[PDB]
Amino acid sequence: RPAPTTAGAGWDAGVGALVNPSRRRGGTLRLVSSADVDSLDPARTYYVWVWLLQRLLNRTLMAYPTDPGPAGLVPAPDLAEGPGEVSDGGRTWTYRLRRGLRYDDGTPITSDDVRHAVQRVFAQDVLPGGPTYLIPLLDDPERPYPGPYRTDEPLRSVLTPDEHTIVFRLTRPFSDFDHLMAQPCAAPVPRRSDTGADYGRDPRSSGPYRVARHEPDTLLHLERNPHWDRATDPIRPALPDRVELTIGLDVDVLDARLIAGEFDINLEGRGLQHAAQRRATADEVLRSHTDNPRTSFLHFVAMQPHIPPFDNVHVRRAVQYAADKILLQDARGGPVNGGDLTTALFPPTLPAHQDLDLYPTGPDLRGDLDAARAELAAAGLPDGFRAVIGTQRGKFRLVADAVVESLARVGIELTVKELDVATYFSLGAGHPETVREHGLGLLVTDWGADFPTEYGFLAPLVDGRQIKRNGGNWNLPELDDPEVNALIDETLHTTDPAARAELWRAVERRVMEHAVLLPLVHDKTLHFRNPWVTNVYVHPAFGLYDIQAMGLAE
């Protein structure tokens, strides 16, 4: 019976809890996406939803557990027997592999294959597209590693004492290393099957499923991996016999067919679009099949000290005070569906999350214009000034327009520069030269961490060492405060998680003191779940349903 005709578990039932629990194996899970995968090479994917799909295809040393609660944020032993063994003050990480495990072709998984996967990341000329956190942590600047296609000498910082042991000797302490071991670029790839640029056409699988067929822009079918051993996998229930992804639908077409029951779940997970949002949130039966989680993305405005007059802290504080947070949230969808207002940066899933509101916007949250004008006077610009805000067409433009309206009230006169959506991070707001070319003193953007920790969340946004001069830059103000950098370094060797949280609170406070980032909202989304899908929950590390946990009702 289609969803509109029978009530489900209830609004938000899959947020922090598991809906429709079952161990029943069998059936075909019908997934849908508006977009094709970015890559089927585990090293070359960045899409959050493809990382989710990778939980079906490939195992890793550590993986996020199948848990809707806070424990879901802590990597658990997967291919490893236990969590990474830390020595040398957070600089050496040792893992011990489970024995006798096999790929889909029946061949053995060994520590050499995990080293090979990590080595492949270095071949950015052949395998671009995935995360590269591992490179600075493992590369010797005095003796650079050119990747495994250009030399057969192994990476010197990665030891394999035997077939079931791997040791990573890092260039610096790194508290969050288990998280890097949970990313798909660290899933084992045996060198014997590594076809390099072509690997995605026929990747090996260590997970419960393997690729049966991929037809670009059309479909992806997965079948069981006959060599995966259920008894050896503490993460994956592997309930369906088959997973079939339909690719390429218009987003409203997708929502309509999903709600009609023609597909079980939206894999891409961008949420219901406006039309279906209205329909679902208004209907008592449809509400019972909907979850409204935080996505852990932050929507914010960045201000760039390299673009006068934004070099002046008082100019930046004036902007913070004059922000109409209500208007800005409304631009984000927000009378009722505009995410969650925030005056700070960390999502509330992180330990360091704190009350921090250095520039309050008045009793109605619409702006403290007196405070803003006083800041403008401090800047020597009491009547305001002219500037340019960079944005994208669409939702980001409505937000930019809300900034224009907000700031006009204190004589800050903004014009809007739109930049190409596709390349916004590579060549647009994410490229320091572009920001200078168009004189973009303000930039509208959003961000989600590549792993659910304070470092993963905040370092790319504020750490001076993370400024990407050639594009893909996420530190838009190009903040390079040695005190912030030093505090971040301290967190990375601090073993005690509580002391670590306090240091991160100091970092976030210092960042807000600089006033280079204006937080707007933490984003939220509406996911629809058909009632015959079992084990549905929003994975706290992803903000999307954990597809791999799902089954089908009898």
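Sequential numbering from 1, following the sequence displayed.
Colleague: Can you tell me whether 40 to 48 has a higher mean C-alpha B factor than 486 to 494 in this record, or the other way round?
Modeller: Averaged over C-alpha atoms, the B-factors run higher in 486 to 494.
Colleague: If you average the CA temperature factors over each stretch, which comes out higher, 302 to 310 or 386 to 394?
Modeller: So the stretch with the higher mean C-alpha B-factor is 386 to 394.
Colleague: In terms of recorded Cα temperature factor, pick the maximum from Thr132, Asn225, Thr342, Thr107.
Modeller: Of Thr132, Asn225, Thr342, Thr107, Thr107 has the highest C-alpha B-factor.
Colleague: Based on what the PDB entry reports, which of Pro136, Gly100, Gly439, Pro360 has the top C-alpha B-factor?
Modeller: In the PDB entry, the greatest C-alpha B-factor among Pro136, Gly100, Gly439, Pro360 is found at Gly100.
Colleague: Just say lowest, middle or highest third for the CA B-factor of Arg509 relative to the other modelled residues in its chain.
Modeller: Lowest third - that is where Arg509 ends up once the chain's C-alpha B-factors are sorted.
Colleague: Among the chain's modelled residues, which third holds the C-alpha B-factor of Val516?
Modeller: It belongs to the lowest third of the chain when residues are ordered by C-alpha B-factor.
Colleague: Quick one: classify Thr246 as lowest, middle or highest third of the chain based on its Cα B-factor.
Modeller: Bottom third by C-alpha B-factor.
Colleague: Looking at the entry's B-factor column for C-alpha atoms only, identify whether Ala63 ranks in the lowest, middle or highest third of its chain.
Modeller: Its C-alpha B-factor belongs to the lowest third of this chain's values.
Colleague: Using the temperature factors of the C-alpha atoms in this entry, rank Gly334 within its chain: lowest, middle or highest third.
Modeller: Ranked within chain, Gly334 CA B lands in the highest tercile.
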